[PDB]
Amino acid sequence: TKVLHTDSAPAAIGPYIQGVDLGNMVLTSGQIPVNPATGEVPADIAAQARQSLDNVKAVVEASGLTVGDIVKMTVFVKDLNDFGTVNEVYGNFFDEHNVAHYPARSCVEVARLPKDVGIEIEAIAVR
Amino acid sequence: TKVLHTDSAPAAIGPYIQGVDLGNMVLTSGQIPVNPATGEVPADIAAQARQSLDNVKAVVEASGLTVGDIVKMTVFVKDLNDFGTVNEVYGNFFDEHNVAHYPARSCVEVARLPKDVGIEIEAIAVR
Amino acid sequence: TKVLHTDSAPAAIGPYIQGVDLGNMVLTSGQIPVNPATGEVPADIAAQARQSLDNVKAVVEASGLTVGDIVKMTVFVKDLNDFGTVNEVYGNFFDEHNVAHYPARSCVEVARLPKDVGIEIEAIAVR
Ligand SMILES: [Ca+2]
Ligand SMILES: [Ca+2]
Ligand SMILES: [Mg+2]
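Chains as they are written, first to last, in the numbering used here: chain F, 5 to 131; chain P, 5 to 131; chain R, 5 to 131.
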């Protein structure tokens, strides 16, 4: 087991690590749309969706793996009315990374997220 | 890793795959109560719980595994007040498949689900 | 695979097991803050958080592993306004167990939890 840490994902400010490498599998903590360079969250959902995805990417890359190694993700959103926009950003993100296939996924609307963000994404990648 | 696909589960009409086979473990995407042949969702929760479970079963079976190979399920519901009905159907489904033991499970009521369905279920199975 | 059972975690009263041991990984069912000795749930969120964590620990210990082997946990809460208290208890718990590092984590506010509890936690541990 190895702790994953990267300055390209929001700093772990609390009792948790950004992600963990189990050897054959990598698990990331749920990533909120905080910009790692400023500590701020963009106002619009499209930008938040892309920021969370970029954060997931940073944690996965810290293990030496790539976006294409992601096999499952869970997407928690604050409002499914924005699902069209989130899916568009989400699909485009994987397309832009030239992945062989999209990962398996679960998506649900929650009552609230940390810092009142509109989305949180956790992922599983395999080596 | 291998992509899982079956006509017995709702077609992936978004940026995701039905499930993934990691060799030792199989992970399904969250399955909603859509009838794969008609694209329709039954009106009552008992029927929806049944359809989602059948969908999960289809994805797991696509890997060559069975319902008895499921080790963990996460059940997201729209209403814990229907938990009596959901719990009945859930237990019945596993009993009908003559499993040695029920899987580990987490159940929570979410704020909303894709397509305004009443339940979404994701599963982990092992070979 | 092996079924995990312990009298130190709430009794599985339904179609599920407390946890499962897959050999290299242990998965616990979501643990609610029920005190296994009395069957009661404490009123305050701090007590509930510690009770759920102790229940998770009990399931993990039933496999032969320890708190230090926990690598990922998902924390579902009924109210994020109680998150300062939950993080406090959560960090204190791992600190008291002298873990080398905190595990990866995802935290979201749900609409409702079984028995109307304020927190539910599920964990993954590795051997
Ligand atoms: Ca496009
Ligand atoms: Ca709602
Ligand atoms: Mg109701």
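Each residue gets a CB set at the ideal place from its N, CA and C atoms; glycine is no exception.
Exposure of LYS76(R), with buried meaning 16 or more beta-carbon neighbours within 10 Å:
Mapped onto the third sequence, residue 76(R) falls at position 72. When all chains shown are included, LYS76(R) counts as buried.
Going by the C-beta, is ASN96(F) closer than 6 Å to any heavy atom of ligand 1?
Locating residue 96(F) in the first sequence gives position 92, counting from the first residue. Yes.
From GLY122(R), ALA127(R), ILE128(R), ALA129(R), pick the residue whose C-alpha is nearest to that of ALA47(R); which is it?
Against the third sequence, residue 47(R) aligns to sequence position 43. Comparing Cα positions, the closest option is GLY122(R).
Residues of chain P with a CB under 7 Å from the CB of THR32(R): which are they?
Residue numbering aside, residue 32(R) sits at position 28 when the third sequence is read from its first letter. Those within 7 Å of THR32(R) in chain P are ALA108.
If you check the beta carbons only, do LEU69(R) and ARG131(R) fall under 7 Å apart?
Working through the third sequence from its first residue, we reach residue 69(R) at position 65. Working through the third sequence from its first residue, we reach residue 131(R) at position 127. The answer is yes: Cβ separation under 7 Å.
Partner residues on chain P for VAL75(F), Cβ-Cβ distance less than 8 Å
Counting from 1 along the first sequence, the entry for residue 75(F) is found at position 71. Chain order gives the chain P residues near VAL75(F) as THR5, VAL24, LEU26, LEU31, where near means a beta carbon separation below 8 Å.
Quick one: what's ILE125(R) bridged to in DSSP?
Taking the third sequence and counting its residues from 1, the one referred to as residue 125(R) is at position 121. Beta-bridge pairing links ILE125(R) to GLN35(R), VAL79(R).
Contact list for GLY95(F) against chain A, beta-carbon separation under 8 Å
Absent from the structure is chain A; the protein chains it does hold are F, P and R.
Separation of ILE21(R) from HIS105(P), as counted between CA atoms
Working through the second sequence from its first residue, we reach residue 105(P) at position 101. Working through the third sequence from its first residue, we reach residue 21(R) at position 17. Whole-angstrom Cα-Cα distance: 8 Å.
Using 8 Å as the cut-off, can you tell me whether the segment 83 to 94 of chain F makes contact with the segment 71 to 85 of chain R, which would need three or more C-beta pairs spanning the two stretches below that distance?
no
With distances taken from CA atoms, which of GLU100(P), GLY27(P), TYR94(P) is nearest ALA108(P)?
By 1-based counting over the second sequence, the position of residue 108(P) is 104. The shortest C-alpha separation from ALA108(P) is found at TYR94(P).
Within 10 angstroms of its Cβ, does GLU44(P) collect 16 or more other Cβ (buried), or is it exposed?
Taking the second sequence and counting its residues from 1, the one referred to as residue 44(P) is at position 40. Classification of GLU44(P): exposed, given that the 10 Å Cβ count is below 16.
Scan the segment 110 to 125 of chain F for residues whose Cβ lies nearer than 8 Å to a Cβ of chain R and list them as they occur along the chain.
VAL114, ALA115, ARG116, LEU117, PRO118, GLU124
For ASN91(P), verify whether its CB is less than 6 Å away from any heavy atom of ligand 3.
Working through the second sequence from its first residue, we reach residue 91(P) at position 87. Between ligand 3 and the CB of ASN91(P), the shortest heavy atom gap is not smaller than 6 Å.
Residue burial classification, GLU100(P) (beta-carbon count within 10 angstroms, cutoff 16):
Residue mapping note: residue 100(P) aligns to position 96 of the second sequence, counting from 1. Under this definition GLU100(P) is an exposed residue.
Status (buried if at least 16 other CB within 10 Å, exposed otherwise) for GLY27(F)
Walking along the first sequence from the start, residue 27(F) turns up at place 23. Exposed: under 16 other Cβ atoms inside 10 Å.
Limits of the unbroken alpha helix (DSSP H) element including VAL71(P):
As a working mapping, residue 71(P) is identified with position 67 in the second sequence. Note, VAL71(P): premise wrong, no alpha helix (DSSP H); not H, not E.
For the segment 54 to 80 of chain P, enumerate the residues whose C-beta is nearer than 7 Å to any C-beta of chain F, in chain order.
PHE80
If you count every other CB in all the chains shown that lies within 10 Å of the CB of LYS119(R), and 16 or more means buried, which is it?
The count along the third sequence starts at 1 and reaches residue 119(R) at position 115. Exposed, since its Cβ has fewer than 16 Cβ neighbours within 10 Å.
Helix, strand or coil for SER56(P), going by three-state DSSP, please let me know.
As a first step, residue 56(P) is located in the second sequence; it is residue number 52 there, counting from the start. Correct three-state label for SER56(P): helix.
Integer-rounded CB distance, given that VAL38(R) should sit under 8 Å from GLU113(P)
For the purposes of this step, residue 113(P) is taken as the residue at position 109 of the second sequence. For the purposes of this step, residue 38(R) is taken as the residue at position 34 of the third sequence. With 8 Å as the limit, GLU113(P) and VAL38(R) do not qualify as a contact, their Cβ atoms being about 18 Å apart.
Is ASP11(F) near ligand 3, in the sense that its beta carbon is under 6 Å from a heavy atom of that ligand?
Within the first sequence, the letter at position 7 stands for residue 11(F). Not so, every heavy atom of ligand 3 lies at least 6 Å from the Cβ.
Closer than 8 Å by beta-carbon distance: list the chain P residues that pair up with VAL130(F), in chain order.
Against the first sequence, residue 130(F) aligns to sequence position 126. Those within 8 Å of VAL130(F) in chain P are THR5, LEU26.
Nearest to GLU126(F) (by Cα), restricted to the options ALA16(F), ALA50(F), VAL60(F):
The residue you call residue 126(F) lines up with position 122 of the first sequence. With distances taken between CA atoms, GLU126(F) lies nearest to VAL60(F) out of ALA16(F), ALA50(F), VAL60(F).
Does any C-beta atom of chain R lie closer than 7 Å to the C-beta of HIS101(P)?
Here residue 101(P) corresponds to residue number 97 of the second sequence, with the count starting at 1. It does not; no Cβ of chain R falls within 7 Å.
Could you name the residues of the same chain whose beta carbon sits closer than 6 Å to that of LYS6(R), not counting the 5 residues immediately before and after it, in chain order?
In the third sequence, residue 6(R) corresponds to position 2, counting from 1. Excluding positions up to five away in sequence, the list reads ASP25.
Please write down, chain order preserved, every residue whose beta carbon lies under 7 Å from a heavy atom of ligand 3.
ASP83(P), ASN85(P), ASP86(P)
Is there a Cβ from chain P that is less than 7 Å from the Cβ of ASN85(F)?
Working through the first sequence from its first residue, we reach residue 85(F) at position 81. Taking Cβ atoms only, chain P never reaches closer than 7 Å to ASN85(F), which makes this a no.
Just to check my reading of the structure: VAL30(R) and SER56(R) have Cβ atoms closer than 8 Å, yes? What is that Cβ distance to the nearest angstrom?
Start at 1 with the first residue of the third sequence, and residue 30(R) comes out as number 26. Start at 1 with the first residue of the third sequence, and residue 56(R) comes out as number 52. That belief does not hold up - the Cβ atoms of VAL30(R) and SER56(R) are roughly 17 Å apart, past 8 Å.
Does the distance between the C-beta of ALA115(P) and the nearest non-hydrogen atom of ligand 2 fall short of 6 Å?
Within the second sequence, the letter at position 111 stands for residue 115(P). Yes.
When DSSP labels each residue in this structure, what does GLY95(P) get in the three-state scheme?
In the second sequence, counting from the first residue as 1, residue 95(P) sits at position 91. It is helical.
According to DSSP, is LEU26(P) part of a helix, a strand, or is it coil?
For the purposes of this step, residue 26(P) is identified with residue 22 of the second sequence, where counting begins at 1. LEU26(P) falls in the coil class under three-state DSSP.
Suppose contacts are defined by Cβ-Cβ distances below 7 Å. Is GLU124(R) in contact with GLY34(R) by that definition?
Against the third sequence, residue 124(R) aligns to sequence position 120. Against the third sequence, residue 34(R) aligns to sequence position 30. In this structure, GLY34(R) lies closer than 7 Å to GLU124(R) by Cβ.
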